[PDB]
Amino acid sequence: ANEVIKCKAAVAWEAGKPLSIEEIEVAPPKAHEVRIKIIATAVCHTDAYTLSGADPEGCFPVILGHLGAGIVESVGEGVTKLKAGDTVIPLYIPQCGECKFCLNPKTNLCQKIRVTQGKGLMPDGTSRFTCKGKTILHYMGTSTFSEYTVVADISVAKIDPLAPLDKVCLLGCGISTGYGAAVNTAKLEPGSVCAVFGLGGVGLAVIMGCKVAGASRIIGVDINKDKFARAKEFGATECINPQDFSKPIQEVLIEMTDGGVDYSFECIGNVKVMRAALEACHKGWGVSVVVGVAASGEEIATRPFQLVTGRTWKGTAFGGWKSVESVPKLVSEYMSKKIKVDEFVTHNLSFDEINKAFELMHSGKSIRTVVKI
């Protein structure tokens, strides 16, 4: 019988402070839940945003983390598609396959468990984590900063048993988001002229997608020139630094492309750049995709003339991938070398050093850091 598990986890007792390595208890999975042994995890800006306390919806104490790969340790009642030993990736965007969103080909935003998930709880309204006599909340329905986590059975992607978990955990968010922004949201055509604002992991993934799609010109934009080299390796035909020009960045791009780009992607989360990305698009057919998540309250703006004269403004969540059915396919594309993952890993750390992963992220010295549990 499934017993309570005593293991290590990185707990955020309060905002603005380092994660605390603690000994916690993980309850067995209830009906339609899956307990996963996390093998590898990584840190994302979203985790840091919540940890800083700047996130209006952030609640503590909580076990953060939404990028992970592992093995099913046990399943609850009613679970038949998954079993102990299955190789999996936890998903913050689930796929129940029965709601109006899952049934609609135009979206991947399953709403089946969003309410409880937003509160850091399992679908039944409770948490499976406890530490020092306190209930600890879940995060983004995944909580990967633990040796063991429990997730809703619709938040699990079963993947290739041969996949290297110390690499594919990155497909949990960033890589899939950027890649999908190109092939799913923008659906750019061969020969397309593109501009990518922000050359971090997300921007590099967008570039990767543009390349797969057959883009002719891919202009990388970043205020940190140290990001240009890798952007080039991923496919950027050239890179520019907004700081090297007096004119607004959109005017520079328009001049370079004789009118503007066919597709632009904002991978920073800056509302001013999001406007710039839209205005950098070509009149008549340009399309700009917001990939970055801006801070609460901030608004994007532009003159309606921009839309009336042909430009389209879009956005994407997890690259538009129907999670449960698509993540396994993404793993397979990586295994077959259609897409890259290893090239995103710039650092490797042990679980006890998880806080250093956040630090490296602030310094802008890394792309992705994989934490070995």
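When you see a residue number, it is the position in the sequence shown, counting from 1.
- Message: So, looking at the entry's B-factor column for Cα atoms, which has the higher mean, 357 to 365 or 9 to 17?
- Response: On average, C-alpha B-factors are higher across 357 to 365.
- Task: Quick one: say whether 23 to 31 or 302 to 310 has the higher mean Cα B-factor in the deposited entry.
- Result: For C-alpha atoms only, the mean B-factor is higher in 23 to 31.
- Message: Checking the record values for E73, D258, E266, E189, which has the greatest CA B factor?
- Response: Largest recorded C-alpha B-factor: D258.
- Query: For the listed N224, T144, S216, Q117, which has the peak Cα B-factor recorded in the PDB entry?
  - Reply: Within the set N224, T144, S216, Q117, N224 shows the top C-alpha B-factor.
- Query: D244: which third of its chain by C-alpha temperature factor?
  - Reply: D244: CA B-factor falls in the highest third of its chain.
- Would you mind checking where the Cα B-factor of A295 ranks among the modelled residues of its chain, as the lowest, middle or highest third? Highest third, going by the recorded CA B-factors of the chain.
- Message: Please say which third, lowest, middle or highest, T80 falls into when its CA temperature factor is compared across its chain.
- Response: For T80, the deposited C-alpha B-factor lands in the highest third.
- Task: Determine, from the deposited record, the chain-internal third of the Cα B-factor for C131: lowest, middle or highest.
- Result: According to the entry, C131 has a C-alpha B-factor in the chain's highest third.
- Could you look up the Cα B-factor of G315 in the entry and say which third of the chain it sits in: lowest, middle or highest? It belongs to the lowest third of the chain when residues are ordered by C-alpha B-factor.
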